[PDB]
């Protein structure tokens, strides 16, 4: 095992790994919260997040994607939103946000794409939850959500991983080579 505050990939779990349910992702240590989309500590940083199509105005290009904080009144740069922002290589700013100076110097975030994200993303898996590797927070900023109408904290994530992304030809070949398959819980119908 690794501690709950482990940064980076989980030993033994390659990019392309796929689980049917969120609890499995949790048990694997890849994304500990069963429900929450962000795992972090507000004065440390964020270790992992889940893309499940929760915000209609988010975008995803695979290598880069935008992501939304949590919290229908205005969001604030506190708790998990604060945690994710601390990953950015830049001073914390809870008024206008910030852009990273050297984006790769930011703290790593494990990124999990859920099949539920298929309604806003062409990169979401067809089934279950897929570990897609390490991303970094390029910048973050507050804005009125186009689709929801209140203030949210938004983030730009960029992939920075030696493991090839699952949708690339190379990633696809690797998943096949390693026989990565959708994993159901032990003893499932």
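Numbering follows the first chain given and starts at 1.
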Absent coordinates between residue 71 and residue 72 - deposited residues affected, binned into four classes: 10 or more
Residue range whose averaged C-alpha B-factor is higher in the record, 152-160 or 38-46: 38-46
Of 74-82 and 102-110, the stretch whose C-alpha atoms average the higher B-factor in the entry: 74-82
Peak C-alpha temperature factor (PDB record), options 53, 133, 128, 142: 53
Among modelled residues of the same chain, the CA temperature factor third for residue 181: highest
Residue 138 - Cα temperature factor, lowest/middle/highest third of chain: lowest
B-factor third for the C-alpha atom of residue 120 within its chain: highest
CA B-factor placement of residue 66, once the chain's modelled residues are sorted into thirds: lowest
